[PDB]
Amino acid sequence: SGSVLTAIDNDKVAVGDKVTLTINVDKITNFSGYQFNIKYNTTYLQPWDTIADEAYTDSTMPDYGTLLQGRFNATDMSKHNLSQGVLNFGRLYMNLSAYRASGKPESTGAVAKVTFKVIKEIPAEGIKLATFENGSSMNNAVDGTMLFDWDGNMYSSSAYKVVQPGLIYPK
């Protein structure tokens, strides 16, 4: 019924270019928060902080989308493993009771935007831009994704499909 899905602005990229991965939730009822683990290929790509215009550090938060923007103590978490190509981040409405009480649930929209800079010519066959998959601190999750509702419940992993990012190609 629900989905995690993504989209890019361009799939043909030259070295030096930036490709932005927008990550959406779709029909996640009363969505309150998410955490992702996202593996990328460190030979070809480097995560780029488009807000600070510099490389990620291990604490860098991706750009926001439209969800989780309300004043319900919206809080970020991030701890990457950049040497190994693993992004680990999430955001949540910490004040669940107030969010719940708003009677204005979110369920569909962009939750984050992760930009990669191409640092080596992309192979001719293409590469997957990134993959959602469990790192060591999401050992209990399915496909690198945890979603939650405004009761603070884990939104069950059989209620939604994670749609993996597709390929990028050299210009």
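So that there is no doubt, residue numbering starts at 1 and follows the sequence shown.
The mean Cα B-factor in the deposited entry runs higher for 148 to 156 than for the other of 18 to 26 and 148 to 156.
Higher mean CA temperature factor, per the PDB entry, when comparing 134 to 142 with 32 to 40: 134 to 142. Per-chain ranking of the deposited C-alpha B factor places residue 81 in the highest third.
Ranked within its chain, residue 92 lands in the lowest third, by CA B factor from the PDB record.
Looking at the C-alpha B-factors along this chain, the one for residue 49 belongs to the lowest third. Among the modelled residues of its chain, residue 113 has a C-alpha B-factor that falls in the lowest third according to the deposited record. Annotation for residue 55: CA B-factor lies in the highest third of the chain's modelled residues.
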